[PDB]
Amino acid sequence: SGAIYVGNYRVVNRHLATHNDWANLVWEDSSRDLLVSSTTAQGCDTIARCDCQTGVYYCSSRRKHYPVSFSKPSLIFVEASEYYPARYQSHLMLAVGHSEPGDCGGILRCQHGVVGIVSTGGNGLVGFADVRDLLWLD
Ligand SMILES: COc1ccccc1[C@@H](NC(C)=O)C(=O)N1CCC[C@H](C(N)=O)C1
Ligand SMILES: [Zn+2]
């Protein structure tokens, strides 16, 4: 689990969005595994606007932060799960690092701010849903 809180927006993995997120829906994209909802209180986070390919992410299954080298946002095949059919997920960045299904929502950050959140993984890989292109979050 995990969310980004920026301005009057809450960014979460679409497959983990609550009844409340859907009732205050601003934008969602099944192909990116992202959902944005509106909030009344002002958020604590700031978004990176950069081309960084190194950063640090929080891994809840280890209660630890790990440094990562990650690929540019791209279209990657993701096997069927209990939440989605087999499909291509867009705006996804892969990296070598530990992740388990419940790690989704962990924030990836560079020196410029929030880059994205954990969305995929398996076998020593961790994938992050990019949010740096969503300029309207600011
Ligand atoms: C953090 O994700 C994982 C970690 C370890 C193992 C497996 C995973 C993920 N499976 C894959 C095929 O990437 C996973 O559990 N997902 C279920 C929820 C939706 C996710 C998505 N489609 O973006 C996929
Ligand atoms: Zn950066």
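Residues numbered from 1 in each chain as written, not as in the entry; some residues may be left out. Chains lettered and ligands numbered in written order. Heavy atoms only, no water.

- X-ray crystallography is the method the PDB entry states for this structure, with the resolution given as 1.696 Å.

### Some thoughts on the site of ligand 1
- Taken together, 17 residues sit near ligand 1, with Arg87, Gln89, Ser119, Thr120 and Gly121 positioned nearest.
- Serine 119 has a polar backbone atom sitting 2.8 Å from an oxygen atom of ligand 1.
- Computed on the free molecule, ligand 1 has an accessible area of 530 Å², of which 86% lies beneath the protein chains in the complex.
- Secondary-structure elements contributing two or more residues to the shell around ligand 1 are β8 (87-96) and β10 (113-122).
- Examining the composition of the shell around ligand 1, we find that five residues originate from one element, β10, more than from any other.
- Classifying every residue of the shell around ligand 1 gives six nonpolar, eight polar and three charged. (Near = heavy atom within 4 Å. Polar contact = N/O pair within 3.5 Å; in protein donor to acceptor, adjacent residues only side chain to side chain. Areas by Shrake-Rupley, 256 points an atom, 1.4 Å probe, with all protein chains shown as cover. Helix = DSSP H or I, 4+ residues; strand = E, 2+ residues; numbered from the N terminus. Nonpolar A, V, L, I, M, F, W, Y, C, P; charged D, E, K, R; others polar.)

### Here we look at the sheet that holds strand β2 (residues 9-13)
- In space, the four strands of this open sheet follow the order β1-β2-β4-β3, with antiparallel pairing throughout. The sheet is open, and its two borders are formed by β1 (4-6) and β3 (25-29), each paired with just one other strand. Averaged over neighbouring strand pairs, the angle between their axes works out to 15 degrees when direction is ignored.
- Examined bridge by bridge, β1 and β2 share three bridges and lie antiparallel to one another. Across the sheet, the residue bridging to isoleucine 4 is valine 11, located in β2. (Pairing = 2+ DSSP bridges. Axes fitted to C-alpha atoms, helices over the stretch in contact; angles between N-to-C directions.)

### Description of unusual backbone geometry
- Despite not being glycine, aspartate 33 shows a phi value in the positive range, around 60 degrees.
- If you trace the backbone, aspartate 33 turns up in the loop between β3 and β4 (34-38).
- By relative accessible area, which is 0% here, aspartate 33 ends up buried.
- Even without a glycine there, the phi angle at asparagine 123 is positive, about 50 degrees.
- Along the polypeptide, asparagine 123 turns up in the loop between β10 and β11 (125-130).
- The exposure class of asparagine 123 is exposed, given its relative accessible area of 87%. (Buried < 20%, exposed > 50% of the residue type's maximum accessible area, 1.4 Å probe, protein only.)

### Examining the coordination of the zinc ion (ligand 2)
- Within the protein, the atoms that donate to the zinc ion (ligand 2) are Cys50 (SG), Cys52 (SG), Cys110 (SG) and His112 (ND1), at distances of 2.1 to 2.4 Å.
- Note that the zinc ion (ligand 2) binds four donor atoms; their angles at the metal cover 103 to 116 degrees, and the shape is tetrahedral.
- Of note, the zinc ion (ligand 2) draws all its donor residues from one chain, in the sequence arrangement C-x1-C-x57-C-x1-H. Linking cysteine 50 in the loop between β4 and β5 (54-59) with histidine 112 in the loop between β9 (107-110) and β10, this pair joins segments that are 62 residues apart in sequence.
- We classify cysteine 50 as partly exposed; its relative accessible area is 23%. (Donors = N, O, S within 2.8 Å, 3.2 Å for Na, K, Ca; no water. Tetrahedral: all angles 85-135°; square planar, octahedral: opposite > 155°, others 65-115°.)

### Brief notes about a nonpolar patch on the surface
- On the surface, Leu75, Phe77 and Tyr88 cluster together into a nonpolar patch covering about 380 Å² of accessible area.
- Residue placement: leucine 75 occurs in strand β7 (residues 74-78). (Patch = residues over 30% accessible without salt bridge, like charges linked within 9 Å, V, L, I, M, F, W, Y side chains within 5 Å. Salt bridge = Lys/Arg side-chain N within 4 Å of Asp/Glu carboxyl O.)

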